[PDB]
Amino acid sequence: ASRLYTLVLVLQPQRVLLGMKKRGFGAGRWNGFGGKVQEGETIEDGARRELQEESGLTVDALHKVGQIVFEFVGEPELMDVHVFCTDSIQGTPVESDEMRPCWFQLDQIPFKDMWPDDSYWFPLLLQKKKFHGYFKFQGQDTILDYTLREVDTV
């Protein structure tokens, strides 16, 4: 049994948009925008919804760039995260209750203030390669196992 989640990265030629998570799961870390996929919406619609709720942004087209599965030791549910990317966004990003948005130069990505797994798969994102990842966590800071591979179809 797994649960569907979304993650959205706004990636422009010289900069990537991140949000500082202000509360809840992963608070204190920069991340793409996203959340639970609801009953009654597609994964992509959920990704769009969460981008809007967390940054105020809307987008023309979302592209599937990755899938990452997470196991947390002791938790029955696997987290099945669908990672999306876009270059063209609509609007200017604004702070929400969940997220404080900020643009980062591509050589200044704040990996030490991101989920540890990002250090592994974020380069593949930047290199415009599609990927499948799996990460086993003990708590929120320690990766016990992982796999990472490029794919042709996400």
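Superpose the two forms; the largest set of C-alphas matching within 1.5 Å is the rigid core. Note that residue numbering follows the sequence shown and begins at 1.
Comparing the two stretches 94-102 and 117-125 by root mean square C-alpha distance in 6 other deposited structures of this protein, with all structures fitted on the core, the more displaced one is 94-102. The mean Cα B-factor in the deposited entry runs higher for 84-92 than for the other of 102-110 and 84-92. For the pair 118-126 and 55-63, the record assigns the higher mean C-alpha temperature factor to 55-63.
Sorting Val154, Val8, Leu4, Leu148 by the CA temperature factor given in the entry leaves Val154 at the top. When all modelled residues of the chain are sorted by CA temperature factor, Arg23 is found within the highest third.
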